[PDB]
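[1] Sharing the initial chains of the complex here, in place:
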Amino acid sequence: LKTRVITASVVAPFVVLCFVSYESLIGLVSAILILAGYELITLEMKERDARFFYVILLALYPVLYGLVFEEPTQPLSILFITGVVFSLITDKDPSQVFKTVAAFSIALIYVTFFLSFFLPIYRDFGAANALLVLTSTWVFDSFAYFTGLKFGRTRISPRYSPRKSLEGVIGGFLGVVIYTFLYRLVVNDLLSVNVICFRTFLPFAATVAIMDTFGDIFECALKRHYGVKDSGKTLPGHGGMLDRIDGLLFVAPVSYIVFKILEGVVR
């Protein structure tokens, strides 16, 4: 029924509404994680059994981190230890146990541990900022696109990756800078929901810019290894789930580090 836009229009609002409660964010993350991991793990394994177990592990973290332990390091270790254990049992080949753990390992840090960073950002910095981080990336990719088509080269992106320029990243940086008075006072004049200060603007942009840049390149290197141009096919809009959030993954952690440094405690 003229499907691409009947549902490319559906997504955007869904995500945001999930920022309503802390418990809600966990829900989206755990959900984004099932898909994201399903793809990164399925590239290393096409076994009926295997894939699924580790994929369930990857998604379990947010709920364990936020709801059970209210501490991150403990579950991170339980999930990784459980993994290695399981692998020893399933893969009877030793040199192959390595490969599955290596995959599970990159999956854990990059996908699960990184994406889960909205969790601390949410509670420690207000859902407001939480939503700002995720969107700044949606905005970075857009501003870098126009400025990219029109402002030419001094390309940073290698063979295997798509195409990304120093000039192209700068535009997206600016677009983010500008995007935030708008977000800032439209969120602060509107409602007294504390957001980042007018002085922590540059860094946030710089990381949303520089991290998204590295996250996409890492993925292309990650993709190219497994041989595909696309990460996986779980999604409608062209490009799979991991592909959508790749740059975001690096951004969030680094950006939390920045906030933690410049916005103290807001709770």
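    Cool, the structure landed. Residues are numbered from 1 along each chain as shown, chains lettered A, B, ... in the order given.

[2] ok, now which residue in chain A is the farthest from the centroid?
    Distance from the C-alpha centroid of chain A peaks at residue A:92, with 33.3 Å (CA atoms, centre = their mean).

[3] if I look at that residue, how far off is residue A:84?
    From residue A:92 across to residue A:84, the span is 15 Å (CB to CB, to the nearest Å). To be clear about C-beta, it is placed using only N, CA and C from the backbone, and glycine gets the same treatment.

[4] what do you get for residue A:103?
    From residue A:103 to residue A:84 the distance is 12 Å (CB to CB).

[5] Neighbour count: those two, which is higher?
    Neighbour count, other CB atoms under 10 Å: between residue A:103 and residue A:84, residue A:103 has more, with 19 against 13.

[6] Just the helices from chain A, written as ranges.
    In chain A, the segments counted as helices under DSSP state H are A:3-6, A:8-17, A:22-42, A:49-63, A:73-90, A:94-106, A:114-115, A:118-151, A:166-188, A:201-226, A:241-262.

[7] For residue A:233, which of those is the nearest?
    helix A:22-42 (8.2 Å; CB to CB).

[8] For that closest one, buried residues please.
    Buried positions in helix A:22-42, judged by neighbour count with 16 or more other CB atoms under 10 Å: A:25-26, A:28-30, A:32-42.

[9] Enumerate residues external to stretch A:160-180 that contact any of its residues.
    A:132, A:135-136, A:139-144, A:146-148, A:151-157, A:196, A:201-202, A:204-206, A:208-210, A:212-213, A:216-217, A:220-221, A:223-224 (CB atoms under 8 Å, 6 or more residues apart in numbering).

[10] List buried members of those by neighbour count.
    Buried members of the contacts of stretch A:160-180, scored by 16+ other CB under 10 Å, are A:132, A:135-136, A:139-141, A:143-144, A:147-148, A:156-157, A:196, A:201, A:204-206, A:208-209, A:212-213, A:216-217, A:220, A:223.

[11] contacting residues for residue A:116?
    So residue A:116 contacts A:29, A:33, A:61-62, A:65, A:72 (CB under 8 Å, 6+ apart).

[12] For residue A:29, see how far away it is.
    According to CB to CB, residue A:116 and residue A:29 sit 6 Å apart.

[13] Overlap of the contact sets of the two?
    With CB under 8 Å, 6+ apart as the test, residue A:116 and residue A:29 both reach residue A:62.

[14] re earlier: mind putting the helices of chain A into CSV with distance to residue A:234?
    Below are the helices of chain A laid out as CSV (distance: least, CB to CB, whole Å):
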stretch, distance to residue A:234
helix A:3-6, 16
helix A:8-17, 13
helix A:22-42, 5
helix A:49-63, 11
helix A:73-90, 21
helix A:94-106, 17
helix A:114-115, 15
helix A:118-151, 19
helix A:166-188, 26
helix A:201-226, 15
helix A:241-262, 5
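
[15] ok, residue A:137 touching residue A:248?
    Yes: counting by CB atoms under 8 Å, residue A:137 does reach residue A:248; the two are 4.8 Å apart.

[16] Find residues that contact each of those two.
    Counting by CB under 8 Å, 6+ apart, the residues touching both residue A:137 and residue A:248 are residue A:212.

[17] go ahead and place chain B:
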Amino acid sequence: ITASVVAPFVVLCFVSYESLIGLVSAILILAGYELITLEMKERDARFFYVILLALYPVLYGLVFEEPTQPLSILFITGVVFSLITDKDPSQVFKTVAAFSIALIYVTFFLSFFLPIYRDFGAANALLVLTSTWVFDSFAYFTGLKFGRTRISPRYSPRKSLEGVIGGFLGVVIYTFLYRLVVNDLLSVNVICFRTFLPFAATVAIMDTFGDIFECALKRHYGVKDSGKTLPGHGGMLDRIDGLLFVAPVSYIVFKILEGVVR
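    Okay, here's chain B dropped in alongside the others:
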């Protein structure tokens, strides 16, 4: 004469919190140098990631006083560096994969004495490390003398259900001794007489998985030994392998059964 000098050094490093960090960072240089060197024999490569692995404890404990932040900075830095050095994409994967298992298993896991120290008293901190030294010993005698019902698979050496049980008992027993010899001696709080079983069970069960994981990890790279940094037969990673799993799991247990420190 390596076996006489070592034992006391380690312990003396439990004198201060800042000291423990020192040993960890140090144990880490060696431990990582070996696990990373098995994936890379490049002059350049190895060294950078090895420095990253060792940086964590100092960042975790002294700078951030929070673990998640440095863990991510070190892993992000790693991926960045790799992209620059390894111009081959399918090869960038391998180095990150290696660096990745190195980060979680060696650095993130060994660093667990850090929380255990501040949140549970250097006393217990020292108990965790030693319980393993003791587990391997008690499992050895009981192992030689009590034979089959083998848990260990092809690739690993040879380990038995009976063998692990003895080491469990040995640990159980080892702790009144540690307990009241540390509590009647000096009022330095240690684990309660009721959190004994779990601690043993994990020191037993985790050390068992950590050594098997390493043999699978060793066998992949083709060596019988992890690396040659050390005097006594067996390299650094080989010494601490089982410990690695134990500490985290054991902290989880303490955190559950010993609450908090003043």
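
[18] once more on the contacts of stretch A:160-180, with chain B this time?
    If you take CB atoms under 8 Å, 6 or more residues apart in numbering or on different chains as the criterion, stretch A:160-180 is touched by A:132, A:135-136, A:139-144, A:146-148, A:151-157, A:196, A:201-202, A:204-206, A:208-210, A:212-213, A:216-217, A:220-221, A:223-224, B:89.

[19] Without its sequence neighbours, what residue ends up closest to residue A:79?
    Setting aside the residues directly before and after it, residue A:79 is nearest to residue A:57 in space (CB to CB, 6 or more residues apart in numbering or on different chains), at 4.8 Å.

[20] which residues touch the one you found?
    Contacts for residue A:57 (CB under 8 Å, 6+ apart) come out as A:79, A:82-83, A:104.

[21] In PyMOL, how would I select just the buried ones from these?
    In PyMOL, this line selects whichever of the contacts of residue A:57 come out buried by 16 or more other CB atoms under 10 Å in any protein chain shown:
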select buried, chain A and resi 79+83+104
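
[22] follow-up on the earlier one: I'd like the distance between the residue nearest to residue A:79 and chain B.
    13 Å (CB to the nearest CB, to the nearest Å).

[23] contacting residues for residue A:201?
    A:177, A:180.

[24] now do residue A:157
    A:163-165, A:217, A:220.

[25] Pull the most distant pair out of the contacts of residue A:57.
    Across those, the longest distance by CB to CB is 10.1 Å; it joins A:82 and A:104.

[26] Next, the distance between the ends of stretch A:33-51.
    14 Å (CA to CA, to the nearest Å).

[27] quick one: it to chain centroid distance?
    17 Å (CA atoms, centre = their mean, to the nearest Å).

[28] ditto for stretch A:178-192
    From the chain centre to the centre of stretch A:178-192 is a distance of 24 Å (CA atoms, centre = their mean).

[29] Repeat that for stretch A:51-60.
    Distance, stretch centre to chain centre, for stretch A:51-60: 17 Å (CA atoms, centre = their mean).

[30] Likewise for stretch A:148-159?
    For stretch A:148-159, the separation from the chain centroid amounts to 23 Å (computed by CA atoms, centre = their mean).

[31] what residues does stretch A:75-88 touch?
    In contact with stretch A:75-88 (CB under 8 Å, 6+ apart) are residues A:53-54, A:57-58, A:60-61, A:64-65, A:68-69, A:97, A:100-101, A:104-105, A:108, A:112-113, B:104-105, B:108-109, B:112, B:153, B:206, B:209, B:212-213, B:216, B:245, B:248-249, B:252.

[32] Tell me the buried residues in that stretch?
    Within stretch A:75-88, the residues scored as buried using 16+ other CB under 10 Å are A:75-81, A:83-88.

[33] For chain B, state which of these is nearest.
    Within those, the smallest distance to chain B is 3.9 Å, found for residue A:77 (CB to the nearest CB).

[34] wouldn't residue A:141 be in contact with residue A:212 here?
    Yes: between residue A:141 and residue A:212 there is a contact under CB under 8 Å: 7.2 Å.

[35] What is the burial count for residue A:261?
    Residue A:261 has 12 neighbouring residues, counting by other CB atoms under 10 Å in any protein chain shown.

[36] next one: the one 5 residues further on
    Residue A:266 sits with 13 neighbouring residues when counted by other CB under 10 Å.

[37] swap in residue A:121?
    Other residues close to residue A:121 by other CB under 10 Å number 24.

[38] Relative to chain B, how far out is it?
    Distance from residue A:121 to chain B, by CB to the nearest CB: 11 Å.
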